[PDB]
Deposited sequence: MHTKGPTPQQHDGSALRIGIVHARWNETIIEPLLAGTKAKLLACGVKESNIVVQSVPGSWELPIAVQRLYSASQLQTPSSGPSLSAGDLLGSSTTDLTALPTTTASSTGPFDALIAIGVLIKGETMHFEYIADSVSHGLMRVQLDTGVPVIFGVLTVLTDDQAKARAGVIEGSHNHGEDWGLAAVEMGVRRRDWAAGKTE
């Protein structure tokens, strides 16, 4: 378990990209993460949320979303969140996508210099996904953690960008 921390992040602009596989799990997740964002003061209008078919699209989509925000409510995002739900199938498809999407996101992060919250679940059974999405009774929705983290990192990124230590 982690240690909770709520930051201002009211001057933050967050970008979220979620995949659409396993939507019944994606929604609960997205809901929780968006919730905590507002809960932290992020303005509803400063939260961009786009989707893609699968997790594989996550990294490319996040890279481009940010890319767009730069060409420009307005202003390059201060933090990004990638939400996806991978579940083991009968083949190794699961593992090859999980590993690449993982490194992919880690890259976009370091490449871009902008925090990309890892909101991707790499589960083995449906129930595990549900449990991590808060779907099950008294189960902790990790989305909340991700929104919370997005804000913290967004704030931190700014300070670093300001040369503050």
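(request) Just jot down which stretches of the deposited chain sequence have no CA coordinates, in the order they come. (result) No C-alpha for residues 1 to 4, 77 to 106, 200.
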